[PDB]
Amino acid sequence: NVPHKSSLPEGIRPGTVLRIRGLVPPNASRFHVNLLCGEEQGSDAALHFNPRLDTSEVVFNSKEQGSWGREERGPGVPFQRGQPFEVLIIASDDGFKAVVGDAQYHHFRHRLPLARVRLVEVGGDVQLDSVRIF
């Protein structure tokens, strides 16, 4: 599938909503949504949101200087192979709210300053219908 990768040169601020609509392929392993602080491979990640169909979990984390932080896991897995989905990633002063379907799923407190984010990437085993930043 074609991934999404787009620059946020003015950054994101509290009140930013990333809306992602798509379908999990029937043979999917994992896909990811990253909010990154640079363009180079290995750049710091303010948020890594990683639905894992192969291991029935959704992992949240950050990355600084090449190292992963403490993993946070949401409750259950609100994604199914072969099914469409809608995700909101909502930025506040305190963190990122992940909404899947009709309910908040998990809240990830900021570890890196939000002002460091300047790129969004959506990739892995996912068919994207739309990616929008409001």
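From 1 onward, residues are counted along the sequence shown.
K.L.:
Quick one: higher average CA temperature factor, 52-60 or 34-42?
P.N.:
Taking the mean B-factor of the alpha carbons in each, 34-42 is higher.
K.L.:
Give the stretch, out of 23-31 and 104-112, with the larger mean C-alpha temperature factor in the deposited entry.
P.N.:
The recorded data point to 23-31.
K.L.:
What third of the chain, by the recorded C-alpha B-factor, contains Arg70?
P.N.:
It belongs to the middle third of the chain when residues are ordered by C-alpha B-factor.
K.L.:
Ranked by Cα temperature factor within the chain, is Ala91 in the lowest third, the middle third or the highest third?
P.N.:
Answer is middle: the recorded C-alpha B-factor places it there.
K.L.:
Just say lowest, middle or highest third for the CA B-factor of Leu128 relative to the other modelled residues in its chain.
P.N.:
It belongs to the middle third of the chain when residues are ordered by C-alpha B-factor.
K.L.:
Can you tell me which third, lowest, middle or highest, the CA B-factor of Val122 falls into for its chain?
P.N.:
For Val122, the deposited C-alpha B-factor lands in the lowest third.
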